[PDB]
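I have placed the structure first, in the form of structure tokens, so that the comments after it can refer back to it.
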Amino acid sequence: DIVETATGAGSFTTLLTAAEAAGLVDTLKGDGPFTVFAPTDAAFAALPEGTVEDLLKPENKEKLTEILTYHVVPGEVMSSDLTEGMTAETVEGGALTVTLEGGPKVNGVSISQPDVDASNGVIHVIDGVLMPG
């Protein structure tokens, strides 16, 4: 799924493509539904200053790698699947707030393009940036 992007990278050449290309192939698409809040290609270009330039370098993926756990979460179903108004705990150890009704958002960031269903799990697009690094 995410690793599949690395192979192609048509909408996530700036961050997801590096997922499998960063030695995460077996990690992200290892074996199970994996939720990754991957922002839209517009979000990356949206960031002002030299953050896009920083986000354009392969070194940025290395940072997310160290804290990949915060971005990686096994068995994570969309709140809408059960109830509206829950949280999102990351392997690393971070419980975020998943809100849908009265304005869909996550830990303060809106999932611009919520895909929900990934090629091998779950995927949600953030209009900005999430997780540390």
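Every residue, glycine among them, receives a Cβ derived from its backbone with ideal geometry; neighbour counts consider all protein chains shown. Computed from the coordinates by the stated procedures, all read-outs in this text should not be read as laboratory data.
Mind checking which residues of region 70-118 are among the polar types (S, T, N, Q) and farther than 16 Å from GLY128 by Cβ?
Scanning region 70-118 gives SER79, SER80, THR83, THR87, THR90.
For region 1-50, how many residues are closer than 16 Å to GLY133 by Cα, touching a strand residue (DSSP E or B) at 6+ places or on another chain (Cβ under 7 Å) and part of a loop (DSSP other than H, G, I, E, B)?
2
Would you mention how many residues in region 51-63 are basic (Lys, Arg) and part of a loop (DSSP other than H, G, I, E, B)?
Of the residues in region 51-63, 1 are basic (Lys, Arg) and part of a loop (DSSP other than H, G, I, E, B).
Under the condition of being more than 14 Å from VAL125 (Cα to Cα) and small (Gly, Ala, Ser), which residue from region 11-26 is surrounded by the most Cβ atoms within 10 Å (Cβ to Cβ)?
Result: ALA19.
Exactly one condition in (1) β-branched (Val, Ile, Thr); (2) more than 20 Å from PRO33 (Cβ to Cβ); (3) in a loop (DSSP other than H, G, I, E, B) is not met by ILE111; state its number.
(2)
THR69 - would you say it is closer than 17 Å to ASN107 by Cβ and either among the polar types (S, T, N, Q) or within 15 Å of the chain's Cα centre (by Cα) (or both)? Break it down stepwise before answering.
On the way: closer than 17 Å to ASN107 by Cβ: yes; either among the polar types (S, T, N, Q) or within 15 Å of the chain's Cα centre (by Cα) (or both): yes.
For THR69, the condition - closer than 17 Å to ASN107 by Cβ and either among the polar types (S, T, N, Q) or within 15 Å of the chain's Cα centre (by Cα) (or both) - is met.
Return the only residue of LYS57, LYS29, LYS63 being buried (at least 18 other Cβ atoms within 10 Å of the Cβ), out of contact with any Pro (no Cβ under 7 Å at 6 or more places or on another chain) and among the basic types (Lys, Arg). Break it down stepwise before answering.
Details: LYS57 fails: buried (at least 18 other Cβ atoms within 10 Å of the Cβ); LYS63 fails: buried (at least 18 other Cβ atoms within 10 Å of the Cβ).
Sole residue among the options that is buried (at least 18 other Cβ atoms within 10 Å of the Cβ), out of contact with any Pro (no Cβ under 7 Å at 6 or more places or on another chain) and among the basic types (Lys, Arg): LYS29.
Condition check ((1) part of a loop (DSSP other than H, G, I, E, B); (2) in contact with a helix residue (DSSP H, G or I) (Cβ under 8 Å, 6 or more places away or on another chain)) across all residues:
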| residue | (1), (2) |
| --- | --- |
| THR65 | no, yes |
| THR69 | no, no |
| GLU84 | yes, no |
| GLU89 | no, no |
| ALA95 | no, no |
| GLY103 | yes, no |
